[PDB]
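These notes concern the structure reproduced below.
Proteins get letters first, then strands, A, B, ... in listed order; numbering begins at 1 in each. Side chains included, hydrogens not; waters and symmetry mates left out as well; all remaining heavy atoms used.
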Amino acid sequence: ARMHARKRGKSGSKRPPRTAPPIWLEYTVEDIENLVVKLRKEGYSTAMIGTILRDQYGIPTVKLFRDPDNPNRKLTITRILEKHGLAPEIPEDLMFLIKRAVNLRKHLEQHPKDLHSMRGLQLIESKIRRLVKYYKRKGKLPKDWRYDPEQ
Amino acid sequence: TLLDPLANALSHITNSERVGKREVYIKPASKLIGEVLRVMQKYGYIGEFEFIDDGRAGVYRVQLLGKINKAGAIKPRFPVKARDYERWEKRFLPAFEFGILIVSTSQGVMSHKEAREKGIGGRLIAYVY
Amino acid sequence: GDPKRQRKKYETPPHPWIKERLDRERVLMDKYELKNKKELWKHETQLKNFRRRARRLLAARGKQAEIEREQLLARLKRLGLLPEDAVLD
Amino acid sequence: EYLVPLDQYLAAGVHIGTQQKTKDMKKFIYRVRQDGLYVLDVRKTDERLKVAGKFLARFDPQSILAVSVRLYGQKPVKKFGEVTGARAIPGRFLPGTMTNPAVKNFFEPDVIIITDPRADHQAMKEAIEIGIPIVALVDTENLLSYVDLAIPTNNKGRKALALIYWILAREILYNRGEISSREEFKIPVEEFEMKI
Amino acid sequence: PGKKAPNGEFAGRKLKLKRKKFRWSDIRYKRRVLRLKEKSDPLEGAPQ
Amino acid sequence: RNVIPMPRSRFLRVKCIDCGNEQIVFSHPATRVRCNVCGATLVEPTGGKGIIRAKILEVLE
Amino acid sequence: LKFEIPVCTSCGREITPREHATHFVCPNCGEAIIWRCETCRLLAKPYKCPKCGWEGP
Amino acid sequence: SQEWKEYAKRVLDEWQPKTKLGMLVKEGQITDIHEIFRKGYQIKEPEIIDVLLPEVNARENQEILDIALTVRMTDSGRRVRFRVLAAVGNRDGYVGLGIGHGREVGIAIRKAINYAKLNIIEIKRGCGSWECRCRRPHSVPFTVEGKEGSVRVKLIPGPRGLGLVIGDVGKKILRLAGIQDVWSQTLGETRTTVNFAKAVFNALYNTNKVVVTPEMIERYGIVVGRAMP
RNA sequence: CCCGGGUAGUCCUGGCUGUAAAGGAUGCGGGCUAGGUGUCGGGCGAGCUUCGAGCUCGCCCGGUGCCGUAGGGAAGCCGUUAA
RNA sequence: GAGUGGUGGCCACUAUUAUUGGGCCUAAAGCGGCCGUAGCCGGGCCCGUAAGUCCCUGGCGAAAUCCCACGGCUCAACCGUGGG
Ligand SMILES: [Mg+2]
Ligand SMILES: [Mg+2]
Ligand SMILES: [Mg+2]
Ligand SMILES: [Mg+2]
Ligand SMILES: [Mg+2]
Ligand SMILES: [Mg+2]
Ligand SMILES: [Mg+2]
Ligand SMILES: [Mg+2]
Ligand SMILES: [Mg+2]
Ligand SMILES: [Mg+2]
Ligand SMILES: [Mg+2]
Ligand SMILES: [Mg+2]
Ligand SMILES: [Mg+2]
Ligand SMILES: [Mg+2]
Ligand SMILES: [Mg+2]
Ligand SMILES: [Mg+2]
Ligand SMILES: [Zn+2]
Ligand SMILES: [Zn+2]
Ligand SMILES: [Zn+2]
Ligand SMILES: [Zn+2]
């Protein structure tokens, strides 16, 4: 169910089981990497790059090609960006949640009596703390990194 | 959330056999479930079963024959010594050689009769009769 | 702890007034001319003990179990309660 | 091929269902029209009629019971019992007819024919308790619970019921050898249906 | 009410604590351990 | 049967009306799809299936 | 010699002494005997003749 | 046994059957007790049991489990009614339980005995105890359960010569069915005699619902109906 | 209790108190176990149409009601929105 | 039956303390609601380790007390020699 609202939505993607790229796909690995780098330089999010690749260039998920450098793993957008040094410093979902929290706080300064919106802020910050604990455990963030809204 | 794939399979089987279903699908598959199914088939409780591959953990398809009175998992997985099988039999089974207990030993998964023949213990994981 | 205290060698009925048991025991007492009920009860306990030894040894296995099984059979047929070719059952 | 031409089936309205459906009846349903009404497959009806005709001919003629509470089905079952020699009970089914030996008209058949499981619920309930086979005519609305042989058809129309019972009687007579061919059965279909 | 808890293999301490906690609701156990009868008995525990 | 999940969307090979170029597009887009050469709009996004303003040549597997 | 206990054609289980079961010759061929237990009749489970292969309630 | 053969012969000649099964028994097409079970027949004439199981009329094969009197309130006082719970069996493999009502005790007893015959069932017996493996039909072949009202009953196989470790109602019912040794466990209100008896009866009936293999029949010495030496 | 009047309060701004038959008298997460029939939101298919963000029918997902099978219960009853 | 009754205490009765093995709509009992720290419970595959776990074998856990067979007091209670 949902983390807080306890609903049971089921909408999502239904990926068919396949291993090799389809026959009608004609792009090579290098063309895909060039496209990804170009789209990143245009300023898109990681989730948005894949959406554009699927919708406009007819490329289902790039996780159909083996990594040319590391044969033990498949290719992902973040790995491609890391190979060129364009990867985000902070994980994207954490950044999006922090950005949502900052905008909401300046709303609550002019509307101190909007109590129903404040609970949303509390839930957002709970999610942020869960994520920061997880990322500290895996080493994606410095151990001294801390979340302070007053910053 | 999901905690024990093995318990779900056995509860699903015993629920289905009480309404006369002829086949079932076990949704999260694993090696342990395959071993348990092999042991169950050896004693004639089920028919043939097969593995179906999706992009996820895989599915098991099982044929039922209507020869099961009850099947369940044992939690927690109690350790048992090589000469202590009788009291667990009295706890879970209806007669002195009625049904099987399924034991995980350092030589694989097997019924408690084979384990007692080999003279080894292990961990109880399921009962079928 | 406590030191040993010698215990009774017989067992009394769970309920003192049951009609069927009273009738059966009265028939036995009249037939065999015993003095009091406890004497009868004594023999009953003996019987029970034998049975309780047979039940425990049927569900056992090992090296000592076989020795005790053969000892029980030999003792029982030495008293004249079993023929020479009897088995545990 | 077919017992009667499909045009006669369609003219009698055998294929017309109702506004509702059941999961276990979908093996007989042909399609659904744009107005939400379901249609029955007629070939299945013909095959089941042939099988039922074969099945009912092996019983003793006077040990067959046919019932119909619905008004439109009372005349067909009466004529069917007259032709084949089976017992027929049109109208209200007196409770205890098959379970109470003290009743004046106590009777135990070997097989029963149910015109409509919904309307004839008392007769079906009593038939379950005595362990005899059950043959029923089922529509798109009925359930197949406790039905041992099912005949999919419209069981509420007048012409439909008349035609179904006429066909069944002819099949029984042909199978038990009282007529040497299907054509020898010289009785009009109109003689089975209620007038006005 | 869900399944009785705790059932875990390594949850012995909590199970023992729960059993000890709810045993004080038994009036017979409470009077024996706290010795409530001896405190108010005019006969001071004697039979005569 | 339906144990394996199968998508209801498709990939399509279409031809631009203006440029004449051919592309492959997704049938359930979440963005506005435009021709890679001339920039003309090919598919408009909606709540579910998109609206196609080009000529469909083939429905790919 | 002892007697044999009838067995349901659909599910293969035995018939209990006082349940609402039924038995009859095969409608299509008439050479075999079909047994149906109470549960199979209640749930409208299909059955198949062992001789001619004709099936269904 | 000699008395009951001629008793059944006397009953058979002067009996006019009213049902289909009674006709089958009268004409000699059914000659054994086991042939009226497991085929969905309805049993409505007590003479069938008298002909096929004549020994259920012996005084030692009948038991009056309980007698009670119940009251209905009216503006002209209290109307009293008698309820009698009784059981019958052949001490080999068949047992029946019944309830009868009447304005006086004798009528209720007669009707209760009559209904017990119509509810007769057959069971399975064997030996399945861990500490007695003798292949003789002296106990239940395996653990069984039954329930009625608030009463739950579980029957467990026992060693030979142990006795019936159960309340008196269970003792009588099990004795009438031909069982000598058993262990038991219960929950609920056993002082309600009707529910206790019905739960024991259901537990006995449920011996037919346990799936078994041909090896088990040899292993536990399972017997259905009469022992048949 | 009924009738004619009437203070605090009921209303707004800043705090404190933390209580109800605050009741679905039913703690929360996961898997499984017949059907039938209404209604709200989204999507898909077909047919109409005054071309309307319109109408009718069928299916999938998520909510919200009723009748009911196996099972459960002391019973009232609950029954894929489980007790 | 040379004993048989009264009073107090512990166990059983009792699944009225429930690990085996109880309950919480209407009978005693779901915090007025939610967020979250410790604790407990945690999805699928491959490689390694061997702490838990299982098997074999050395050194220990006095005697008395308990169970079994044989032997000595007339048998027994009791005592001795062996096996547990
Ligand atoms: Mg001391
Ligand atoms: Mg009056
Ligand atoms: Mg009940
Ligand atoms: Mg309220
Ligand atoms: Mg819904
Ligand atoms: Mg309901
Ligand atoms: Mg007490
Ligand atoms: Mg209680
Ligand atoms: Mg609450
Ligand atoms: Mg409350
Ligand atoms: Mg895991
Ligand atoms: Mg270790
Ligand atoms: Mg010592
Ligand atoms: Mg001497
Ligand atoms: Mg001596
Ligand atoms: Mg000594
Ligand atoms: Zn173009
Ligand atoms: Zn069946
Ligand atoms: Zn056939
Ligand atoms: Zn035995």
Side-chain angles (χ1 to χ4, degrees), chain A residues 1 4 6-11 119 122-123 125-126 129-130, chain B residues 1-5 7-9 11-16 18-19 21 24 27-31 56-58 77 79-82 87 91 103-107 115 118-123, chain C residues 1-4 6 9 35-38 53 63-64 67-68 70-72 74-75, chain D residues 20-24 32-37 141 143 145, chain E residues 1-2 4-16 19 22-29 32 43 45-48, chain F residues 8 46-49, chain G residues 39 42-44, chain H residues 149-150 185-189:
Chain A
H4 297 136
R6 311 274 207 276
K7 282 307 190 69
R8 294 171 187 159
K10 295 294 179 182
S11 70
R119 184 177 181 264
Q122 298 175 343
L123 301 183
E125 295 187 340
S126 295
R129 273 184 263 275
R130 288 168 176 251
Chain B
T1 57
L2 176 63
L3 302 166
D4 197 343
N8 286 7
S11 64
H12 184 20
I13 284 182
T14 178
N15 274 335
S16 297
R18 290 207 176 106
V19 293
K21 301 287 184 178
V24 298
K27 183 61 152 52
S30 57
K31 299 302 183 65
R56 315 168 187 192
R77 303 177 171 173
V80 55
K81 289 190 170 59
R87 63 191 194 97
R91 178 158 162 175
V103 184
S104 180
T105 83
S106 67
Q107 302 183 18
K118 291 184 173 62
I120 55 178
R123 299 246 178 187
Chain C
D2 294 312
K4 170 195 182 180
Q6 299 186 11
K9 241 63 184 177
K35 183 192 174 187
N36 44 23
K37 296 303 274 288
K38 53 178 300 186
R53 281 159 61 184
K63 185 185 185 303
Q64 184 71 10
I67 293 178
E68 298 208 3
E70 67 187 15
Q71 285 181 344
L72 166 66
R75 178 61 180 177
Chain D
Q20 304 184 358
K21 54 96 183 63
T22 315
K23 176 187 177 63
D24 51 13
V32 52
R33 305 188 315 189
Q34 285 287 340
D35 50 332
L37 188 137
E141 184 199 12
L143 295 89
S145 185
Chain E
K4 195 217 308 185
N7 199 38
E9 181 176 3
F10 300 100
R13 170 181 287 113
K14 183 68 168 59
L15 191 50
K16 188 179 180 181
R19 183 51 54 203
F22 283 121
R23 200 182 179 188
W24 284 104
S25 300
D26 187 4
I27 189 60
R28 292 191 307 271
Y29 171 82
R32 175 171 59 81
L43 263 60
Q48 300 168 309
Chain F
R8 290 165 294 192
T46 57
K49 187 181 302 182
Chain G
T39 298
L42 174 60
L43 299 176
Chain H
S150 68
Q185 287 175 5
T186 57
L187 300 166
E189 183 62 76

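Nucleotide I:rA82 has no partner under the Watson-Crick or G-U criteria, as no pair reaches both atom distances under 3.5 Å. Of all nucleotides present, only I:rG58 satisfies the Watson-Crick or G-U wobble test against I:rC44, with each distance under 3.5 Å. When both distances must be under 3.5 Å, the Watson-Crick or G-U wobble mate of I:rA74 does not exist. Partner assigned to J:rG22 is none, using Watson-Crick or G-U wobble distances below 3.5 angstrom. The partner of J:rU65 is absent, by the rule that a Watson-Crick or G-U pair needs both atom distances under 3.5 Å. Nucleotide I:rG14 has no partner under the Watson-Crick or G-U criteria, as no pair reaches both atom distances under 3.5 Å. Taking a pair to require two hydrogen-bonding distances under 3.5 Å in either a Watson-Crick or a G-U wobble arrangement, I:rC1 remains unpaired. The base-pairing partner of J:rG39, taking Watson-Crick or G-U wobble contacts with both distances under 3.5 Å, does not exist among the strands shown.
Residue F:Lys49 has a polar side-chain atom (N or O) positioned under 4.0 Å from OP1 or OP2 of I:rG45.
Scanning atom types as modelled, one donor and one acceptor separated by under 3.5 angstrom connect the side chain of E:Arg19 and the base of J:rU17.
Between the P atoms of I:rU49 and I:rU56, the separation comes to 15 Å (whole Å).
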(message) For nucleotides 54-83 of chain I, give me one character per nucleotide, 5' to 3': B if any protein heavy atom sits under 4.0 Å from the base, S if the only such contacts are to the sugar-phosphate, - if neither.
(response) ---S----SS--------SSS---------
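Rounded to the nearest 0.5 Å, atoms CG (B:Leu3) and CG (B:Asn8) are 9.0 Å apart.
The residue among E:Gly2 and B:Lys21 whose nearest nucleotide of RNA chain I lies closer to the 5′ end is E:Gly2.
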